[PDB]
Amino acid sequence: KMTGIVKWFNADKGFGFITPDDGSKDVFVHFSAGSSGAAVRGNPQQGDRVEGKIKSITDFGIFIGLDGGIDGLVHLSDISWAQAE
Amino acid sequence: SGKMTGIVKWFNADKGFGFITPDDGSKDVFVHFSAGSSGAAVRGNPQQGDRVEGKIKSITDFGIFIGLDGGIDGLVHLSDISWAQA
Amino acid sequence: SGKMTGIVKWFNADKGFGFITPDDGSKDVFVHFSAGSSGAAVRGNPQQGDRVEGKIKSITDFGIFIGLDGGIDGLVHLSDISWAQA
Amino acid sequence: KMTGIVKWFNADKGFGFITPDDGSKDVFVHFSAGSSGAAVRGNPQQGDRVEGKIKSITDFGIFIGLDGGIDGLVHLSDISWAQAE
């Protein structure tokens with residue numbers, strides 16, 4: 001549960017910057033802007049309340065470029081293999 | 001992308017890390033997994049060069065925590081976000 | 001890649017963040033910058049749709065800090081690494 | 001300055017896993033394996049000393065996919081524009 005205050009925001013393009021009530025670190029948010037049941041609200045303004053739920057990224061893949069660079073970061077929903085012996 | 005099949009370059013199933021060559025594209029993938037993606041059962045490593053399959057999803061909803069020094073202090077899934085109405 | 005020219009979608013030069021459409025490829029880019037990449041001089045925003053240039057480098061040498069809960073707790077540049085000899 | 005101990009390592013492929021002497025978080029390292037002046041040392045083993053220098057990633061670009069996903073993370077060496085007015 002993350003509660004905080006808008007520093008700046010671009011809801012239409014799905015990103016923003018928030019100061020959480022807890023900890024000492026601000027957060028840049030990116031999200032799919034769209035619909036999930038309620039009518040659209042105004043792009044929030046500096047000082048407005050914002051809430052979200054966050055979860056650790058414990059299951060992921062990092063794609064590595066031919067040059068060794070960071071070429072993507074995905075969620076790993078599942079993985080399977082046949083164990084040796 | 002959804003389904004990702006490939007072959008194992010290296011694996012450490014005890015610690016939940018692996019390195020895979022996908023059958024598609026030119027980029028290898030490091031994986032970090034828990035029981036969430038791999039299941040509860042204790043499973044030993046696959047052999048290098050054997051098959052491995054997964055399911056992947058783009059991370060579209062995320063937070064980057066920014067440190068006092070301005071660095072990347074954390075990367076999280078943003079499960080839901082809401083704000084006050086104007 | 002080196003040189004990256006593009007056009008501004010949105011910008012916040014006061015806080016060191018921006019969003020750019022590169023002239024090359026199909027992917028937009030969010031940038032986070034300090035005086036290290038942007039210079040000391042106070043500069044106001046460019047206009048939306050104007051040109052912007054940068055220089056980029058792949059991050060090949062890095063550390064991912066893993067939290068007690070197994071998450072991504074930090075991402076850093078690894079400037080040098082060494083280990084004991086066998 | 002980061003000092004720590006090898007948990008596992010693959011020097012030839014340029015990655016590893018370290019427990020730093022400081023803090024409560026382990027670190028997965030990726031690096032370009034190659035030459036920078038000295039002769040090659042053995043892949044380190046569990047319990048071996050490892051050292052490195054780390055720096056915050058303060059100047060970066062994140063590439064966003066057509067689907068909104070994380071499609072790359074680069075270092076931003078510089079950036080320039082003509083300020084409006």
# chains A, B, ... in the order shown; residues from 1 in each chain; ligands from 1
>>> calpha_fit_and_write(fixed="chain D", moving="chain A", output="compact mmCIF listing (two decimals) with N, CA and C atoms, in the first residue's frame")
# COMPACT_ATOMS: atom_id res chain seq x y z
N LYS A 1 33.05 2.07 -3.05
CA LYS A 1 33.95 0.89 -2.76
C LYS A 1 33.12 -0.23 -2.22
N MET A 2 33.04 -1.34 -2.93
CA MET A 2 32.25 -2.47 -2.51
C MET A 2 33.16 -3.69 -2.28
N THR A 3 33.20 -4.22 -1.07
CA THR A 3 33.98 -5.40 -0.81
C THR A 3 33.01 -6.50 -0.39
N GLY A 4 33.30 -7.75 -0.74
CA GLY A 4 32.37 -8.79 -0.45
C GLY A 4 32.94 -10.14 -0.73
N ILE A 5 32.06 -11.12 -0.75
CA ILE A 5 32.39 -12.53 -0.85
C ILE A 5 31.54 -13.17 -1.93
N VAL A 6 32.20 -13.97 -2.77
CA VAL A 6 31.55 -14.72 -3.84
C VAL A 6 30.61 -15.82 -3.31
N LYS A 7 29.36 -15.76 -3.76
CA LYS A 7 28.44 -16.85 -3.55
C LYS A 7 28.44 -17.82 -4.73
N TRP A 8 28.39 -17.27 -5.93
CA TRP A 8 28.65 -18.04 -7.12
C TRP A 8 29.10 -17.12 -8.22
N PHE A 9 29.70 -17.68 -9.23
CA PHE A 9 30.34 -16.84 -10.24
C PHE A 9 30.56 -17.58 -11.54
N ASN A 10 30.49 -16.82 -12.64
CA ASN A 10 30.86 -17.31 -13.98
C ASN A 10 31.65 -16.23 -14.69
N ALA A 11 32.93 -16.15 -14.35
CA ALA A 11 33.78 -15.06 -14.82
C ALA A 11 33.89 -15.04 -16.32
N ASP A 12 34.01 -16.23 -16.91
CA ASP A 12 34.12 -16.30 -18.33
C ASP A 12 32.93 -15.69 -19.07
N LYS A 13 31.73 -15.81 -18.51
CA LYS A 13 30.55 -15.22 -19.14
C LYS A 13 30.16 -13.86 -18.59
N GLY A 14 30.95 -13.36 -17.62
CA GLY A 14 30.78 -12.07 -17.03
C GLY A 14 29.56 -11.89 -16.14
N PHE A 15 29.27 -12.85 -15.28
CA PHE A 15 28.32 -12.59 -14.25
C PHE A 15 28.62 -13.37 -12.95
N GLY A 16 27.97 -12.93 -11.91
CA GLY A 16 28.18 -13.48 -10.60
C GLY A 16 27.21 -13.01 -9.57
N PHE A 17 27.40 -13.51 -8.34
CA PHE A 17 26.54 -13.18 -7.24
C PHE A 17 27.42 -13.07 -6.01
N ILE A 18 27.30 -11.95 -5.33
CA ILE A 18 28.16 -11.52 -4.25
C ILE A 18 27.36 -11.12 -3.02
N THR A 19 27.91 -11.40 -1.83
CA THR A 19 27.38 -10.86 -0.59
C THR A 19 28.30 -9.74 -0.11
N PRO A 20 27.85 -8.47 -0.22
CA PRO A 20 28.71 -7.38 0.22
C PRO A 20 28.91 -7.39 1.74
N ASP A 21 30.07 -6.91 2.19
CA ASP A 21 30.34 -6.83 3.62
C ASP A 21 29.35 -5.89 4.30
N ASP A 22 28.87 -4.90 3.56
CA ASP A 22 27.97 -3.87 4.08
C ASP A 22 26.54 -3.97 3.56
N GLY A 23 25.60 -3.49 4.37
CA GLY A 23 24.17 -3.62 4.04
C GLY A 23 23.63 -5.04 4.22
N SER A 24 22.36 -5.22 3.84
CA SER A 24 21.67 -6.51 4.00
C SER A 24 21.24 -7.11 2.66
N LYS A 25 21.79 -6.59 1.56
CA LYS A 25 21.38 -7.01 0.23
C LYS A 25 22.56 -7.58 -0.55
N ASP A 26 22.31 -8.74 -1.11
CA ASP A 26 23.19 -9.34 -2.06
C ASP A 26 23.09 -8.63 -3.39
N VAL A 27 24.07 -8.89 -4.23
CA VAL A 27 24.16 -8.24 -5.53
C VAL A 27 24.47 -9.26 -6.62
N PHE A 28 23.63 -9.23 -7.65
CA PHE A 28 23.93 -9.93 -8.92
C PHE A 28 24.77 -8.99 -9.78
N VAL A 29 25.95 -9.43 -10.24
CA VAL A 29 26.79 -8.58 -11.07
C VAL A 29 26.82 -9.13 -12.49
N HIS A 30 26.87 -8.21 -13.45
CA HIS A 30 27.06 -8.52 -14.87
C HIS A 30 28.13 -7.56 -15.30
N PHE A 31 29.04 -8.04 -16.11
CA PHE A 31 30.13 -7.21 -16.56
C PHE A 31 30.68 -7.74 -17.88
N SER A 32 31.35 -6.87 -18.62
CA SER A 32 32.00 -7.31 -19.80
C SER A 32 33.22 -8.07 -19.28
N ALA A 33 33.26 -9.37 -19.56
CA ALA A 33 34.46 -10.20 -19.33
C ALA A 33 35.51 -9.87 -20.39
N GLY A 34 36.73 -9.62 -19.98
CA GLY A 34 37.74 -9.29 -20.98
C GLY A 34 39.02 -8.92 -20.28
N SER A 35 39.78 -8.06 -20.92
CA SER A 35 41.10 -7.73 -20.47
C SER A 35 41.19 -6.25 -20.20
N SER A 36 41.84 -5.91 -19.10
CA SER A 36 42.08 -4.50 -18.77
C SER A 36 43.50 -4.32 -18.17
N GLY A 37 44.37 -5.28 -18.44
CA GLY A 37 45.80 -5.08 -18.20
C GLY A 37 46.50 -6.24 -17.56
N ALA A 38 45.79 -6.95 -16.71
CA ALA A 38 46.42 -8.07 -16.04
C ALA A 38 45.98 -9.41 -16.65
N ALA A 39 46.76 -10.43 -16.36
CA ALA A 39 46.49 -11.76 -16.86
C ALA A 39 45.24 -12.29 -16.16
N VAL A 40 44.57 -13.22 -16.83
CA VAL A 40 43.27 -13.72 -16.43
C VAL A 40 43.42 -14.47 -15.11
N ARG A 41 42.47 -14.29 -14.19
CA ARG A 41 42.46 -15.04 -12.92
C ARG A 41 41.37 -16.13 -12.99
N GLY A 42 41.41 -17.05 -12.05
CA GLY A 42 40.50 -18.19 -12.13
C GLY A 42 39.12 -17.69 -11.78
N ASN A 43 38.09 -18.30 -12.36
CA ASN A 43 36.72 -18.07 -11.91
C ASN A 43 36.77 -18.18 -10.42
N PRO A 44 36.35 -17.13 -9.71
CA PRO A 44 36.35 -17.28 -8.25
C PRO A 44 35.31 -18.28 -7.72
N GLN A 45 35.55 -18.75 -6.51
CA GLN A 45 34.79 -19.79 -5.88
C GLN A 45 34.08 -19.22 -4.67
N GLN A 46 33.05 -19.94 -4.23
CA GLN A 46 32.33 -19.58 -3.08
C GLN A 46 33.34 -19.32 -1.95
N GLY A 47 33.21 -18.16 -1.33
CA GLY A 47 34.02 -17.77 -0.19
C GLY A 47 35.16 -16.83 -0.56
N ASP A 48 35.43 -16.68 -1.85
CA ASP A 48 36.56 -15.86 -2.33
C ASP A 48 36.21 -14.38 -2.20
N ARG A 49 37.25 -13.57 -1.92
CA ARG A 49 37.14 -12.12 -1.96
C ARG A 49 36.89 -11.56 -3.33
N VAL A 50 36.01 -10.56 -3.36
CA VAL A 50 35.68 -9.82 -4.59
C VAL A 50 35.48 -8.35 -4.22
N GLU A 51 35.92 -7.47 -5.11
CA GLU A 51 35.86 -6.05 -4.86
C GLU A 51 35.35 -5.37 -6.07
N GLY A 52 34.71 -4.23 -5.89
CA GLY A 52 34.37 -3.42 -7.01
C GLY A 52 34.05 -2.02 -6.60
N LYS A 53 33.85 -1.19 -7.60
CA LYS A 53 33.48 0.18 -7.36
C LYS A 53 32.09 0.34 -7.94
N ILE A 54 31.18 0.89 -7.19
CA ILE A 54 29.85 1.14 -7.76
C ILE A 54 29.48 2.60 -7.70
N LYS A 55 28.65 2.98 -8.66
CA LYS A 55 28.20 4.35 -8.81
C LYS A 55 26.71 4.33 -9.12
N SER A 56 25.97 5.29 -8.58
CA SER A 56 24.56 5.40 -8.87
C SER A 56 24.35 5.70 -10.34
N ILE A 57 23.24 5.20 -10.87
CA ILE A 57 22.82 5.50 -12.23
C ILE A 57 21.88 6.68 -12.15
N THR A 58 22.46 7.87 -12.28
CA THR A 58 21.74 9.11 -12.15
C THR A 58 21.31 9.70 -13.51
N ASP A 59 21.97 9.28 -14.58
CA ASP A 59 21.74 9.81 -15.90
C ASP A 59 21.48 8.64 -16.82
N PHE A 60 20.22 8.45 -17.19
CA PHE A 60 19.83 7.25 -17.92
C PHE A 60 18.69 7.52 -18.90
N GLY A 61 18.53 6.60 -19.85
CA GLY A 61 17.30 6.54 -20.61
C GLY A 61 16.68 5.18 -20.47
N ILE A 62 15.37 5.18 -20.36
CA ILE A 62 14.58 3.95 -20.38
C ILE A 62 13.78 3.93 -21.64
N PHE A 63 14.00 2.91 -22.47
CA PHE A 63 13.26 2.75 -23.70
C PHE A 63 11.95 2.06 -23.40
N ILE A 64 10.90 2.59 -23.97
CA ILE A 64 9.58 2.07 -23.73
C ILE A 64 9.06 1.43 -25.01
N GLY A 65 8.59 0.20 -24.89
CA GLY A 65 8.12 -0.56 -26.03
C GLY A 65 6.81 -0.04 -26.54
N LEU A 66 6.44 -0.50 -27.73
CA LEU A 66 5.12 -0.12 -28.29
C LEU A 66 3.98 -0.59 -27.39
N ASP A 67 4.18 -1.71 -26.68
CA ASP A 67 3.23 -2.21 -25.68
C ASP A 67 3.32 -1.59 -24.26
N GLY A 68 4.20 -0.63 -24.09
CA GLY A 68 4.41 0.09 -22.84
C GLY A 68 5.46 -0.52 -21.91
N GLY A 69 6.14 -1.57 -22.37
CA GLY A 69 7.04 -2.31 -21.52
C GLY A 69 8.46 -1.71 -21.47
N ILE A 70 9.29 -2.29 -20.60
CA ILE A 70 10.65 -1.84 -20.36
C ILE A 70 11.54 -2.53 -21.38
N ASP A 71 11.94 -1.77 -22.38
CA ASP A 71 12.69 -2.31 -23.52
C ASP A 71 14.13 -1.89 -23.58
N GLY A 72 14.68 -1.38 -22.51
CA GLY A 72 16.13 -1.13 -22.50
C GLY A 72 16.40 -0.10 -21.46
N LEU A 73 17.64 -0.05 -21.01
CA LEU A 73 18.07 0.92 -20.02
C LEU A 73 19.49 1.29 -20.38
N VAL A 74 19.72 2.54 -20.76
CA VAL A 74 21.01 3.03 -21.14
C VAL A 74 21.52 4.14 -20.29
N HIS A 75 22.83 4.32 -20.33
CA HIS A 75 23.49 5.48 -19.76
C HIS A 75 23.37 6.68 -20.70
N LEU A 76 23.05 7.82 -20.11
CA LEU A 76 22.90 9.06 -20.85
C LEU A 76 24.12 9.91 -20.57
N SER A 77 25.01 10.01 -21.56
CA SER A 77 26.30 10.69 -21.35
C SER A 77 26.10 12.15 -21.48
N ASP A 78 25.22 12.56 -22.39
CA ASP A 78 24.83 13.93 -22.40
C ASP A 78 23.55 14.17 -23.14
N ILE A 79 23.03 15.37 -22.92
CA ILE A 79 21.76 15.73 -23.52
C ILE A 79 21.74 17.22 -23.69
N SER A 80 21.15 17.68 -24.79
CA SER A 80 21.11 19.08 -25.09
C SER A 80 19.88 19.40 -25.91
N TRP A 81 19.42 20.63 -25.76
CA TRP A 81 18.23 21.14 -26.42
C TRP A 81 18.36 22.70 -26.46
N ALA A 82 17.50 23.36 -27.23
CA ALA A 82 17.41 24.82 -27.23
C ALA A 82 16.18 25.17 -26.34
N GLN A 83 16.41 25.92 -25.27
CA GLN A 83 15.32 26.24 -24.35
C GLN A 83 14.29 27.08 -25.09
N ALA A 84 13.01 26.87 -24.80
CA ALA A 84 11.97 27.74 -25.32
C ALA A 84 12.10 29.12 -24.65
N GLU A 85 11.99 30.13 -25.52
CA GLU A 85 12.18 31.55 -25.21
C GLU A 85 13.47 31.90 -24.51
>>> atom_distance(atom1="CA of residue 22 in chain C", atom2="CA of residue 77 in chain B")
26.2 Å
>>> closest_atom_pairs(of="chain B", to="chain C", cutoff="7 Å", atoms="only C-alpha atoms", output="JSON lines")
{"residue": "B:72", "atom": "CA", "partner": "C:75", "partner_atom": "CA", "distance": 5.6}
{"residue": "B:73", "atom": "CA", "partner": "C:74", "partner_atom": "CA", "distance": 4.3}
{"residue": "B:74", "atom": "CA", "partner": "C:73", "partner_atom": "CA", "distance": 4.3}
{"residue": "B:75", "atom": "CA", "partner": "C:72", "partner_atom": "CA", "distance": 5.6}
>>> atom_distance(atom1="CA of residue 82 in chain B", atom2="CA of residue 55 in chain B")
28.5 Å
>>> closest_residue(among="C:84, C:4, C:20, C:78", to="residue 47 in chain C", atoms="only C-alpha atoms")
C:20
>>> closest_residue(among="C:14, C:53, C:24, C:69", to="chain D", atoms="only C-alpha atoms")
C:53
>>> select_by_dssp(residues="chain B", states="alpha helix (DSSP H)", output="VMD selection string")
chain B and resid 35 to 38
>>> select_by_dssp(residues="chain D", states="strand (DSSP E)", output="PyMOL selection string")
chain D and resi 2-10+15-20+26-30+49-56+60-64+70-81
>>> atom_distance(atom1="CA of residue 9 in chain B", atom2="CA of residue 27 in chain B")
12.5 Å
>>> residues_around(residues="residue 10 in chain C", least_positions_apart="4", cutoff="6 Å", atoms="only C-alpha atoms", output="ChimeraX atom specification")
/C:18-19,48
>>> write_last_selection(atoms="N, CA, C and O atoms", output="tab-separated table (two decimals), in the first residue's frame")
chain	number	residue	atom	x	y	z
C	18	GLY	N	12.53	13.82	-18.81
C	18	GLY	CA	11.98	14.11	-20.14
C	18	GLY	C	11.54	12.87	-20.86
C	18	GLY	O	11.87	11.74	-20.47
C	19	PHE	N	10.80	13.08	-21.93
C	19	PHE	CA	10.26	12.02	-22.74
C	19	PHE	C	10.43	12.43	-24.18
C	19	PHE	O	9.96	13.49	-24.62
C	48	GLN	N	7.59	21.43	-26.75
C	48	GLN	CA	7.12	20.15	-27.24
C	48	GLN	C	7.24	20.16	-28.75
C	48	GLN	O	6.93	21.16	-29.40
